[PDB]
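These notes are about the structure you will find just below.
Please treat every number below as a calculation from the coordinates, not as lab data. When we count neighbours, we look across all protein chains shown, and the Cβ atoms used for this are built from the backbone with ideal geometry, even at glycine.
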Amino acid sequence: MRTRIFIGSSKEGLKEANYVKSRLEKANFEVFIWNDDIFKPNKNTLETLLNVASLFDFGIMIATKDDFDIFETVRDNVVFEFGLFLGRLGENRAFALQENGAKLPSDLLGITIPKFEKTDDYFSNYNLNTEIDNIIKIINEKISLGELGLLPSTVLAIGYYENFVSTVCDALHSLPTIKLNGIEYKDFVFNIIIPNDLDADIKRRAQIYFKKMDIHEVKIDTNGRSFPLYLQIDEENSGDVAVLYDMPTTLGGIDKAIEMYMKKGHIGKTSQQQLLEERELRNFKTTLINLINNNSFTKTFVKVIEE
Amino acid sequence: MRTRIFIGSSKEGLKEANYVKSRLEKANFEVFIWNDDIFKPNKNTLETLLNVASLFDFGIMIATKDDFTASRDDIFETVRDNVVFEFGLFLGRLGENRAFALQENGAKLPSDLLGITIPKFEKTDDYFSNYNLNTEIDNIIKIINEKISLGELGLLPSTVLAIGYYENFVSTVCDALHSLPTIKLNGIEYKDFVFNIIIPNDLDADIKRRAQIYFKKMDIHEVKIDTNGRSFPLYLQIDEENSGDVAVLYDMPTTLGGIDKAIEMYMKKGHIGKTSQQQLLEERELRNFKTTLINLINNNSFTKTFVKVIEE
Amino acid sequence: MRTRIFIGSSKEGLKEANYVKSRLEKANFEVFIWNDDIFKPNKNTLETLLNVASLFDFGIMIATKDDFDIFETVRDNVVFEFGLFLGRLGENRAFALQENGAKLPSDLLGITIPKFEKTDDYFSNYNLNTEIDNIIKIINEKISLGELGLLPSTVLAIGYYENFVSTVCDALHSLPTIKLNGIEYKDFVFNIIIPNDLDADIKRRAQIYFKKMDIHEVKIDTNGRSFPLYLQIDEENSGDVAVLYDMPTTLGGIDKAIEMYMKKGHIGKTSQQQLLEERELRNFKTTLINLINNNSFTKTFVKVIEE
Amino acid sequence: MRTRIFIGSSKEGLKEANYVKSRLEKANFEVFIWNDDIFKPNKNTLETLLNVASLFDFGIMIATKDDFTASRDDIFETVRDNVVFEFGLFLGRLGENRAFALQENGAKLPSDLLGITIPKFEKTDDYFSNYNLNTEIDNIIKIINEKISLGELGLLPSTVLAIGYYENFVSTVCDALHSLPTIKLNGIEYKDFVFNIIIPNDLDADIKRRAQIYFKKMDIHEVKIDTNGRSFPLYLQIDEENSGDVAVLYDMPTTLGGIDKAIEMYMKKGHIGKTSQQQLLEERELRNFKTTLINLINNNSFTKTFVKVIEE
Amino acid sequence: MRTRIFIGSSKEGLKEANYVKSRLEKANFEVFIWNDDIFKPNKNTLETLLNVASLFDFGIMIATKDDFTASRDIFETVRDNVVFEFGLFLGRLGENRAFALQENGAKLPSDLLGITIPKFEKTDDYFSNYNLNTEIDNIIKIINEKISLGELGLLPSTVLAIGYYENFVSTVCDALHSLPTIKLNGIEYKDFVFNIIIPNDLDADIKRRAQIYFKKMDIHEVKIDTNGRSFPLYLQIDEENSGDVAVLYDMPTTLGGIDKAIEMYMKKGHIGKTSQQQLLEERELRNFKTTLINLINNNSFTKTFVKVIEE
Ligand SMILES: Nc1nc2c(ncn2[C@@H]2O[C@@H]3COP(=O)(O)O[C@H]4[C@@H](O)[C@H](n5cnc6c(=O)[nH]c(N)nc65)O[C@@H]4COP(=O)(O)O[C@H]3[C@H]2O)c(=O)[nH]1
Ligand SMILES: Nc1nc2c(ncn2[C@@H]2O[C@@H]3COP(=O)(O)O[C@H]4[C@@H](O)[C@H](n5cnc6c(=O)[nH]c(N)nc65)O[C@@H]4COP(=O)(O)O[C@H]3[C@H]2O)c(=O)[nH]1
Ligand SMILES: [Ca+2]
Ligand SMILES: [Ca+2]
Ligand SMILES: [Ca+2]
């Protein structure tokens, strides 16, 4: 799916925030402003950058000279929200764009804060346009290399990859001929089923998906592990290439953790919980795809398939 | 081990931070201050928050009425802006569940900032008689001990790894062994079982290879357990010479390999050696995994007295 | 149905109670005052605040200076009735609105009691209107999230859901083709019939409802239980989608629970027993709907239909 | 087990509360006072009522002529309104059926507060000879024992769960088996049957999974029974090994899974561990479920000597 | 040994270079200036920066406001010579091993390809300038933090050390740690130590040198079976000086490959060794030893069990 970007700004900076959102939207991006219709339960602008700021891939903060409530000074509120945004989104996923006359620094912890002139027609300013273009270019290169972070879904994907997918690929590639359930195959494909959402238990969902698709079970012996690899094979749609299937079970762990940490004494899901679940699924899928594409033995033999 | 607490302050808050650190050490804690010898690579007092402030269990912010003025700090044009930005960065790095704040009277900070109470105390030379600061530190200690005793959880990679490992392997193994009228593993009958989970000392070696050589050195033999909670049998390791009356089972978690390689991929630049931040992150991940696993084990009647977490 | 809200007040707070009731009615709420025409058998304001106050979704208390009979002091009466209110409605279903200057603590066990100026034309006080708006917003938010309590109907709904409805949906979704009684279906819908009232035995009522509507019986084999799931299918109005029916049986248990609990030395039903019956039915329906809507395998496949 | 009684009082009524508690243990009761070491998370004596006072079978208050004055309490501006509000909260948590009250001479509380008798007793240093207080405690004990002996029930979730489970499964099973001239289950003839209901010790494990592993551990075989009281046959479990002359049937109620899940969703915040209030609530739910099931079994001729409730 | 640092400057700016060399020398560093007695065969400074500049761990370049005019030696303008030697220095030493120090008024940038070029004021007594002193201190701190983490580059000795480590030393340590008891040549040991013999120089064939070292020290061969390789690990054991802790020995053979490569690259029709060849050999040996030690110290199974010992 498209990359999610959060834009934080004060009440006076909605014009700049909307212009930046539109410009990013024309660049095939998903953009949410701090007062988006998603963040209605949030009371003020401070707690939306505390609760649902890290739930986005990147973030942009806009500073306004005029903005210089909770605190006793607008300057204090601006610097506090800047610090909170930078801490929540780190130094690799955070970007800043202060207007001309704003007296914030320009090299805060490795994050540049370019200055743009305050005008009325924003389809005229070369400086603001080129700064937004630089931000877009930086975001586009990070997504293509595969910048990683200690997110739980990223670690889950890395562990799942190295301990199951690479082992399966090595075991299948180390066979002079592929003999699965007594049937010979001249090639194989490894399909990883990623659930559309974390609204159901992963184990039962995987079991019922296998039952509905009528997928049998295979056992693969590997020298890279002390116990065999257990998989699922089609046996009906697989004529010449072995069609193997698997739904990751670590997703059960992330679902249980999200349920424990989010769910208070209520049954319904808050907006923050839903955003966190979608973010975890997106990072898991993206990290798994990036890990797959960077190995010669798993590149064209493993495909990530939606449920 | 002990609970690690990070204390952030300004250049003039060293007295307050040192007193708080000493009083916390009196309460069986492991306190680190922003100016400690661990954080030497951090050039200023702001990168020590962006880097290692989130690597501690809890954090305390001390604010004094000396940085709430208009002066120069070589980073922000005003020291007040610098201290407010530092407070915001601290809160963002540690969140609303692991951040505590102490301010002296006269500071312009709020008192109900995003669910974080910031009590005021009267500054004095002798802090052993300061009732206000002493009682606020007492409340901080009480809250920290309460959140450690329940099991307050947070989406850290190690916490999620421990939860997944527990739910998918440990509970399933305990249910499989408890659903047997007699425990017959490798053709030997046992009247009881104990499931030892071996946590590595560190993450400086590959977890799979380290577990394999640990099993070889201790001479532990593999077993297979059939379960109704999974589509394929659970594979474990049994001792078979020291397990005469009670079946002794061993397992080194493999998700620790995933977290180890993730940390290697993230923190390690083009250098062989490990930075202090990487070591702190690995220690925090390992400790959090062990603590979360212990908390999950102790909150289930089927695993409370049958699974023991043992250091390598 | 509309949310039921109870207003507790003394004899001199009647104008405030009527104003709040009118505002909540304009805010799409059902409001009953302590001296409503339904609370006629109740003698004083204390026994009606003990017996039928917990039978409403939420509650509002109003304090007045003039009240500062059963006790020897009116102030003692007011604080005692406030305590009884809090004990009946807990900390999540209780709200309070004291008039200006009232000396009640403002953080009584986590419940705020805002102060409003005592005027004559109640369509003028900004403070009272914004406090009522805040109360309405809080109530509306705690209904969209599914806030849950320890009511027997809620527990019955949770158990019924997780033990029957989720199992049935998982069993039906785990089928490569839907084959019920030898008829192939391309989809299915599960209809749960909730009785209009608890004035009849649930088992016999379900049987007669089925035999009027002419619904057959089916058996479904599931891996989530030790014995097969038994349902009811239409087979006449179901052409391509399997239309299933079921009346919950625990409703009989709760029905006879109220039957034995309400000291039935007579034949007719008192007002408290009746209002409790609709409260339990409403809570059961709401909890079941919230549980259904939060599972991907039951969301669009289960429908709660009135009898 | 024993009957739990909660005693609520002020900070100066500790002597009377201790005396009454001691007499109730002399009368075979399990009494907890608001200042006990179990109610530590409750910071004051007001949160002790709103949280755990409704988790006890019965409750008793002692009121003294020390807090019916005008003083400071840091919560209410006067101690008189504080004690009256505390009385009201206690009554609201416990109602008119499970609450008892005691006042000494000089207390301004009424004596017929909504059907709750509040007798007056004389304060003295040597309380073992106070005829009024001793006879009021005796009357309270008599009333409590009368309530326990009779099937006194309230709208608790566990009580409704037990009523539904009984009247929908146990009575139907007993009627189906008693309507058979001979008991033939799985092709084996028996001259009599016994139905054992397995109540788990605690709610720390999934009830369905725990029942399944218990059945596997005891090698228990499933049976199907046809009945005219329900549209589809009843499914039960039989031993087939120890049932030589009388058929033994085992069944762990599944609605206990419902109450366990409801308690987990309600009481558990973002923490792995269990609070004291949650543990007390789970114990109370299990006790009321077992008590209601036993009372319903004993209040029917077709189930009194044929169904037995046994712990796990 | 002490870290090697090269300072390049012009003839008219040798006083700043000498002061920087002395200041680094007081900081436990080995410093050579382009006009040192080692680089006599080199004709000019340009040839020195092309041949031996990369043979040092780090490099420092000094620019002054006296060779920036439109004067007249290899190029036409002394401006061109300065910018050319700066480019050659930065290319030879890369961006992780190059440092610059221009004087006040110099025209060079301050963020040239990631290499900061601080400006200092030119005086007569350099034990007075706070700016130059703090710039040299910053350079020293950067070099110190680089040497302690283990910054690595694609040098042949670094790659040789990495391959040798991960293919022999780690495998040997895992094989020995995966033994319930250590049984080498029929003798039981309760502990082991792995000694890696690094030759003092590359002036002799590594294979024959290792063989004669083993013969002189009377070290016997052992065979170790491992699950991390398809064929066993062959080592050497003392068997006389090892009573309770087994003492194992090995001289790396990849040093033979690096010695052969250096001999093939540098010898061009003579028997004696050029100073550049000697510097390259010392650099390769030092980087091999340092990389091996760094790799050893960052593994729990090899930290206290493997020691790097001089011949
Ligand atoms: N179909 C299939 N999928 C596989 C297999 N092995 C791994 N996976 C997938 O890879 C994920 C990560 O496995 P891990 O690193 O070994 O980390 C595992 C491991 O440490 C431990 N564990 C799980 N199963 C076993 C086992 O059978 N034996 C042992 N000794 N440990 C196990 O629990 C961790 C989390 O397990 P999961 O939730 O299951 O998540 C697993 C699972 O989704 C396999 O043989 N077949
Ligand atoms: N049409 C239909 N509805 C179903 C079926 N299974 C469950 N339900 C519905 O789900 C409700 C909750 O079931 P529970 O949690 O298992 O809790 C149940 C269970 O523990 C026990 N029970 C009931 N029937 C059986 C049975 O056939 N076998 C066994 N072993 N236990 C049963 O009595 C508890 C309360 O039973 P209920 O009042 O009936 O309420 C039941 C019933 O209305 C089914 O196969 N068909
Ligand atoms: Ca979920
Ligand atoms: Ca590592
Ligand atoms: Ca040579």
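Picking from residues in the range D:161-176 that are aliphatic (A, V, I, L, M) and closer than 21 Å to residue C:150 by Cβ, the one that is nearest to ligand 4 (Cβ to nearest atom) is D:161. Between A:73, A:130, the distinction of being polar (S, T, N, Q), facing chain B (nearest Cβ under 8 Å) and surrounded by fewer than 17 Cβ atoms within 10 Å (Cβ to Cβ) belongs to A:73 only. Selection within the range B:176-200: residues that are over 21 Å from residue B:295 (Cβ atoms) and part of a loop (DSSP other than H, G, I, E, B). The member of this set that is farthest from the other protein chains (Cβ to nearest Cβ) is B:187. Any residue at all in the range C:47-60 that's over 20 Å from the mean Cα position of the chain (by Cα) and crowded, with 17+ Cβ neighbours inside 10 Å? Checked against the condition, which is being over 20 Å from the mean Cα position of the chain (by Cα) and crowded, with 17+ Cβ neighbours inside 10 Å, the range C:47-60 yields at least one hit. Scanning the range D:148-175 for residues that are within 11 Å of ligand 2 (Cβ to nearest atom) and more than 8 Å from chain C (Cβ to nearest Cβ) yields D:162, D:166, D:169, D:170, D:171, D:172, D:173. Residue D:43 meets all of the listed conditions (1) more than 29 Å from residue C:150 (Cα to Cα); (2) surrounded by fewer than 21 Cβ atoms within 10 Å (Cβ to Cβ); (3) of a type outside the set (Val, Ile, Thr) but one, namely (1).
Yes/no matrix, rows are residues, columns are (1) of a type in the set (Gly, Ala, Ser); (2) more than 25 Å from the chain's Cα centre (by Cα); (3) within 20 Å of residue B:127 (Cβ to Cβ):
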| residue | (1), (2), (3) |
| --- | --- |
| B:22 | yes, no, yes |
| B:35 | no, no, yes |
| B:43 | no, yes, no |
| B:65 | no, yes, yes |
| B:85 | no, yes, no |
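Would you please name the residue that is surrounded by the most Cβ atoms within 10 Å (Cβ to Cβ), looking only at residues in the range B:57-96 that are facing chain A (nearest Cβ under 7 Å) and either touching a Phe, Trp or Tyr at 6+ places or on another chain (Cβ under 6 Å) or among the small types (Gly, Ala, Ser) (or both)? The selected residue is B:92.
The number of residues in the range A:76-103 being surrounded by fewer than 23 Cβ atoms within 10 Å (Cβ to Cβ), among the aliphatic types (A, V, I, L, M) and within 8 Å of another protein chain (Cβ to nearest Cβ) comes to 0.
For the range A:211-221, the criterion of being surrounded by fewer than 16 Cβ atoms within 10 Å (Cβ to Cβ), more than 12 Å from chain B (Cβ to nearest Cβ) and within 21 Å of residue B:255 (Cα to Cα) is met by at least one residue.
Assigned to a helix (DSSP H, G or I) and either out of contact with any strand residue (DSSP E or B) (no Cβ under 9 Å at 6 or more places or on another chain) or surrounded by 18 or more Cβ atoms within 10 Å (Cβ to Cβ) (or both), is that true of residue D:209? Judged against the criteria, residue D:209 is a match. Examine the range A:232-240 for a residue that is within 16 Å of ligand 3 (Cβ to nearest atom) and over 15 Å from residue A:188 (Cβ atoms), and state whether such a residue exists. No, there is no match, as no residue in the range A:232-240 is within 16 Å of ligand 3 (Cβ to nearest atom) and over 15 Å from residue A:188 (Cβ atoms).
Yes/no matrix, rows are residues, columns are (1) out of contact with any strand residue (DSSP E or B) (no Cβ under 9 Å at 6 or more places or on another chain); (2) within 26 Å of residue E:257 (Cβ to Cβ); (3) within 16 Å of ligand 5 (Cβ to nearest atom):
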position	(1), (2), (3)
E:174	yes, yes, no
E:181	no, no, no
E:193	no, no, no
E:196	no, yes, no
E:199	no, yes, yes
E:205	yes, yes, yes
E:208	yes, yes, yes
E:216	yes, yes, no
E:225	no, no, no
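Scoring residue E:54 on the criteria (1) in a helix (DSSP H, G or I); (2) over 30 Å from residue B:269 (Cα atoms) leaves a single failure, condition (2). Go through the range A:170-191 and count every residue that is under 18 Å from residue A:248 (Cβ atoms) and in contact with a helix residue (DSSP H, G or I) (Cβ under 7 Å, 6 or more places away or on another chain). Total meeting the criteria: 1.
A residue that is among the polar types (S, T, N, Q) and over 30 Å from residue D:98 (Cβ atoms) can be found somewhere in the range C:28-45. Looking across the range A:256-271 at every residue that is aliphatic (A, V, I, L, M) and within 11 Å of chain B (Cβ to nearest Cβ), the one that is nearest to the chain's Cα centre (by Cα) is identified as A:258.
When the range A:197-210 is filtered for residues that are surrounded by 16 or more Cβ atoms within 10 Å (Cβ to Cβ) and either within 23 Å of the chain's Cα centre (by Cα) or within 16 Å of ligand 4 (Cβ to nearest atom) (or both), the ones remaining, listed by number, are A:198, A:199, A:200, A:201, A:202, A:203, A:205, A:206. Residue D:154 satisfies every condition listed in (1) in a loop (DSSP other than H, G, I, E, B); (2) within 30 Å of residue B:228 (Cα to Cα) except (2).
If we scan the range A:235-246, do we find a residue that is within 18 Å of residue B:258 (Cβ to Cβ), more than 9 Å from every other protein chain (Cβ to nearest Cβ) and within 16 Å of ligand 1 (Cβ to nearest atom)? Yes. A count restricted to the range A:174-191 and to residues that are over 9 Å from residue A:241 (Cβ atoms) and within 31 Å of the chain's Cα centre (by Cα) stands at 2. Based on what the data block shows, is residue D:260 over 26 Å from residue D:158 (Cβ atoms), acidic (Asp, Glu) and not in a strand (DSSP E or B)? No: the conditions fail for residue D:260. Within the range E:74-111, the residues that satisfy the criterion of being of a type in the set (A, V, I, L, M, F, W, C) and part of a helix (DSSP H, G or I) are E:78, E:82, E:83, E:84, E:86, E:88, E:89, E:90, E:93.
Output the residue which, of all residues in the range B:263-312 that are hydroxyl-bearing (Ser, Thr, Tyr) and part of a helix (DSSP H, G or I), is surrounded by the most Cβ atoms within 10 Å (Cβ to Cβ).
Among them, the one singled out is B:292.
You will find that of E:274, E:291, E:253, E:226, the residue that is under 30 Å from residue E:147 (Cα atoms) and either touching a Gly at 6+ places or on another chain (Cβ under 7 Å) or within 14 Å of another protein chain (Cβ to nearest Cβ) (or both) is E:291 and no other.
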